[PDB]
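Data block below; observations after.
No lab work stands behind these numbers, since they all come straight from the coordinates. Neighbour counts are summed over all protein chains in view; Cβ atoms, including those assigned to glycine, are modelled from backbone coordinates with ideal geometry.
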Amino acid sequence: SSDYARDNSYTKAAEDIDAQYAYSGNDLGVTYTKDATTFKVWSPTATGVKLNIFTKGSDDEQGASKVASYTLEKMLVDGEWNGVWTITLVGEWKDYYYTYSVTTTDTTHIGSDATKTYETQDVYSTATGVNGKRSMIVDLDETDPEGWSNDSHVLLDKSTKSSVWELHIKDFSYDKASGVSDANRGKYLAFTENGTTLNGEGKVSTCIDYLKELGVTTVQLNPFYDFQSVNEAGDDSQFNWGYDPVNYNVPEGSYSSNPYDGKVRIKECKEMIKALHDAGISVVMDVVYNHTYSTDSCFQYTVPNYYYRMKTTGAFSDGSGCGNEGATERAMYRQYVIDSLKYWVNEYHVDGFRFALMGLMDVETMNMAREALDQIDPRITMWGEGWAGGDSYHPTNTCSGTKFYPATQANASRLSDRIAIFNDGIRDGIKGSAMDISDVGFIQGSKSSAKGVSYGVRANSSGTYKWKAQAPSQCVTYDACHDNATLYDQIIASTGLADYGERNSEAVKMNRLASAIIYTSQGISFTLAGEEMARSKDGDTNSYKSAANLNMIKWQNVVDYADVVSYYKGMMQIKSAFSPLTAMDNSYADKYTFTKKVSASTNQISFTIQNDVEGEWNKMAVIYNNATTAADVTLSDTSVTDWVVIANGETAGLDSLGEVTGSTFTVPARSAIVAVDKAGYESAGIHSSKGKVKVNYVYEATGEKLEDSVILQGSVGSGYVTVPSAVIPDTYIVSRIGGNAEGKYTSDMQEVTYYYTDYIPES
Ligand SMILES: OC[C@H]1O[C@H](O[C@H]2[C@H](O)[C@@H](O)[C@@H](O[C@H]3[C@H](O)[C@@H](O)[C@H](O)O[C@@H]3CO)O[C@@H]2CO)[C@H](O)[C@@H](O)[C@@H]1O
Ligand SMILES: [Ca+2]
Ligand code: NA
């Protein structure tokens with residue numbers, strides 16, 4: 001909750017080590033050629049460093065042998081030691097594994113006889129064997145897949161033009177119904193599989209083909225650096241999010257087809273990224289420099305008590321709530337983090353980063369990292385959690401001698417406006433407190449939550465409620481992520497409308513409303529992968545090590561909630577057509593007219609946005625109605641009185657859904673209206689290229705609807721599958737179908753009617 005500046009023996013010692021031994025060299029770890037291989041280790045605390053060579057990454061493998069051990073020597077600049085140990089092995093050392101045996105004091109007993117010896121993999125490992133205990137010497141060119149030389153970054157012109165899909169690699173394709181091959185389900189190489197369909201029946205698209213259709217700009221991948229919590233030699237049914245770092249610069253083994261050979265995971269990890277780039281998707285990497293799984297790490301075994309934040313009592317500061325904190329303010333951890341980021345960008349073609357507990361990382365380091373990545377390309381995205389997971393004890397100043405500031409929401413002003421911050425303001429505003437699955441926000445009917453949404457609409461960059469972003473560029477707009485409950489699960493829990501993962505019409509209405517808010521709000525639009533298909537975790541509010549089949553994306557939901565997918569798909573189009581919504585800066589802040597005060601307690605939020613981009617819509621009107629009844633909303637902005645509706649309770653997109661004359665709109669219960677000026681709609685010529693299918697549910701005898709009709713919307717020639725309504729009482733059964741239950745989208749709207757008759761459920 002709090003951070004404390006406390007200077008002590010540990011911090012002063014570490015600061016002295018930086019002053020004398022800070023090494024800006026580029027070459028720590030292994031420098032490989034066919035002719036020789038050089039090893040470098042930074043450890044001013046050591047009295048000796050020994051290199052151990054092996055044939056295999058573990059002793060259980062066929063051919064496993066200790067080759068030899070060698071003595072590293074102190075590296076001398078003049079006649080002076082720079083803190084670096086080095087040796088050069090002459091010959092071909094490709095595909096050998098190694099550890100270091102480091103004999104070392106701690107930071108507060110340098111030059112003393114109080115040493116211990118630790119065996120460790122390289123701090124600067126670029127490859128490891130199974131479970132990351134032994135590093136591997138590799139020619140990185142050999143790990144490049146076919147086409148890798150032609151693979152470019154996929155970068156957004158502006159971060160605020162993004163639509164982010166937060167995905168776990170196992171979740172993506174562990175489901176058998178994903179249509180991914182037995183070999184590749186839950187693995188890096190699932191992303192390379194094109195033409196995948198539900199149950200491989202060839203009717204409706206899944207996985208990579210689904211993402212192309214959905215139109216997400218960005219996939220954010222949950223930890224795919226090497227973590228501790230999956231035994232890579234164990235069973236395929238294991239699951240962890242992987243916020244348990246062991247090797248920061250090595251891919252996770254369990255997502256590969258072979259973790260024993262250290263080259264395989266690298267190649268396959270690159271194939272995943274290439275595949276996403278080929279589909280025109282940007283790749284954002286979840287990174288966790290804020291803590292390591294344990295202090296029995298390569299860092300601590302190489303330079304004890306340097307790389308972690310130390311309290312005066314000798315205890316490790318526990319700001320992460322996982323046991324330790326990485327000391328970003330230290331010269332050589334700062335350098336490690338920035339070099340690591342550059343490595344993932346250059347070597348793996350990563351396009352941006354999501355920083356776990358960014359509130360533990362110091363502002364100066366984050367700003368230097370932003371600067372470093374700008375040298376590559378400023379379009380490289382950065383965002384993080386502007387909070388910590390416990391009390392943080394740090395030195396007063398950084399290694400540069402500037403005051404320490406944590407990169408929290410409170411210090412947004414001190415942070416680059418292109419290091420964005422998760423907006424828990426709009427998160428809690430939309431669906432209720434993330435700390436309480438049963439708590440209600442705006443979509444469930446909270447009037448007091450309205451202000452959270454209203455401040456969220458301008459990315460908490462206009463006025464101050466809870467926290468203030470510098471600009472929309474500094475704000476991630478979201479209602480749910482991997483943490484806590486899924487949107488749909490919180491809707492279900494807070495209302496009691498149904499069981500977890502069961503379709504309910506009112507629940508789905510609330511889900512559509514949340515969609516409307518996210519994509520008519522400024523900042524970087526962000527969803528949990530499958531939010532658009534009503535993803536459930538069966539009520540699990542912390543699924544980090546829960547069952548694999550619980551966590552996995554249920555691909556059947558692309559059919560069961562096809563209409564909801566279609567709604568998101570359409571809302572995404574609206575945001576990307578109307579420039580004020582994807583603004584990086586504050587230039588549109590004074591162009592909003594809210595009908596009520598932003599801080600108002602209300603069932604209906606409405607606002608207009610004046611645009612200034614030629615060839616776009618001139619003005620947009622947006623209305624959220626969380627009431628259980630229809631509401632007539634009259635805009636305070638009466639400058640436009642001819643409107644074209646482009647999203648309602650039924651559908652969203654770029655096509656006209658009907659017109660409104662005047663300043664008053666009828667908004668159905670628990671739904672949104674998005675309208676644009678008539679003149680602008682005509683002149684801009686913005687229109688949908690997507691086909692539509694309308695699904696009706698009719699009592700055959702009378703012709704009355706048993707349930708509201710729904711709208712599917714997708715690319716022309718792409719496959720769709722409709723189903724009978726899941727919510728219709730069990731005393732009705734489908735007697736016949738009119739139209740094509742399944743087929744392909746056309747330019748013309750197609751209709752399917754499920755005709756119902758009287759039924760009594762049997763034994
Ligand atoms: O044994 C290791 C620790 O395991 C447990 O911590 C879990 C969390 O319960 C889990 O929610 C997840 O937290 C991370 C969160 O999902 C992510 O968004 C954020 O950026 O970082 C969080 C970690 O700081 O993962 C951790 C670690 O696996 C347990 O609660 C903890 O006490 C144990 O030390
Ligand atoms: Ca691992
Ligand atoms: Na598999």
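Side notes on the structure shown:
- A count restricted to the range 495-511 and to residues that are part of a helix (DSSP H, G or I) and surrounded by fewer than 24 Cβ atoms within 10 Å (Cβ to Cβ) stands at 6.
- Which numbered condition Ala233 fails, given (1) out of contact with any strand residue (DSSP E or B) (no Cβ under 6 Å at 6 or more places or on another chain); (2) within 16 Å of ligand 1 (Cβ to nearest atom): (2)
- Strands (runs of 3 or more DSSP E) wholly inside the range 656-763 containing at least 3 residues that are within 30 Å of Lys203 (Cβ to Cβ): 690-699, 705-715, 719-721, 732-738, 742-744, 750-758
- Consider the range 463-479 and keep the residues that are crowded, with 24+ Cβ neighbours inside 10 Å and within 11 Å of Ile426 (Cα to Cα). The one that is farthest from ligand 3 (Cβ to nearest atom) is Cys475.
- Only listed residue being within 11 Å of ligand 3 (Cβ to nearest atom) and in contact (Cβ under 8 Å) with a residue 40 or more places away in the chain, chosen from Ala183, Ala177: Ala183
- Restricting the range 236-270 to residues that are surrounded by fewer than 19 Cβ atoms within 10 Å (Cβ to Cβ) and charged (D, E, K, R) leaves a set whose member that is farthest from ligand 3 (Cβ to nearest atom) is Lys263.
- Among the residues making up the range 141-156, a single one is polar (S, T, N, Q) and touching a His at 6+ places or on another chain (Cβ under 9 Å): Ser152.
- Residue within the range 140-156 that is closer than 16 Å to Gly29 by Cβ, touching a residue at least 12 places away in the same chain (Cβ under 8 Å) and touching a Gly at 6+ places or on another chain (Cβ under 8 Å) present: no
- You will find that of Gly91, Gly57, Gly79, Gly48, the residue that is out of contact with any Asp or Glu (no Cβ under 7 Å at 6 or more places or on another chain) and closer than 18 Å to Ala36 by Cα is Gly91 and no other.
- Close pairs from the range 316-343: first under 16 Å from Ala407 (Cβ atoms), partner among the aliphatic types (A, V, I, L, M) and surrounded by fewer than 22 Cβ atoms within 10 Å (Cβ to Cβ), Cβ under 6 Å, at least 6 apart: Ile338/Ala372
- Test result for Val216, more than 13 Å from ligand 3 (Cβ to nearest atom) and assigned to a loop (DSSP other than H, G, I, E, B): yes
- Scanning the range 155-185 for residues that are under 18 Å from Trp241 (Cβ atoms) and either within 16 Å of ligand 1 (Cβ to nearest atom) or of a type in the set (A, V, I, L, M, F, W, C) (or both) yields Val164, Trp165, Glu166, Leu167, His168, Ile169, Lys170, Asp171, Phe172.
- Restricting attention to the range 624-655, the residues being more than 18 Å from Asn511 (Cβ to Cβ), in a loop (DSSP other than H, G, I, E, B) and in contact with a helix residue (DSSP H, G or I) (Cβ under 6 Å, 6 or more places away or on another chain) number 1.
- Residue match in the range 228-235 (condition: crowded, with 18+ Cβ neighbours inside 10 Å and within 16 Å of ligand 3 (Cβ to nearest atom)): yes
- Residues in the range 186-198 that are over 18 Å from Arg535 (Cβ atoms), over 20 Å from the mean Cα position of the chain (by Cα) and either within 10 Å of ligand 3 (Cβ to nearest atom) or of a type outside the set (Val, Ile, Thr) (or both): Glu193, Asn194, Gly195.
- Restricting attention to the range 424-459, the residues that are free of Cβ contacts under 8 Å to residues at least 60 places away in the same chain and polar (S, T, N, Q) add up to 3.
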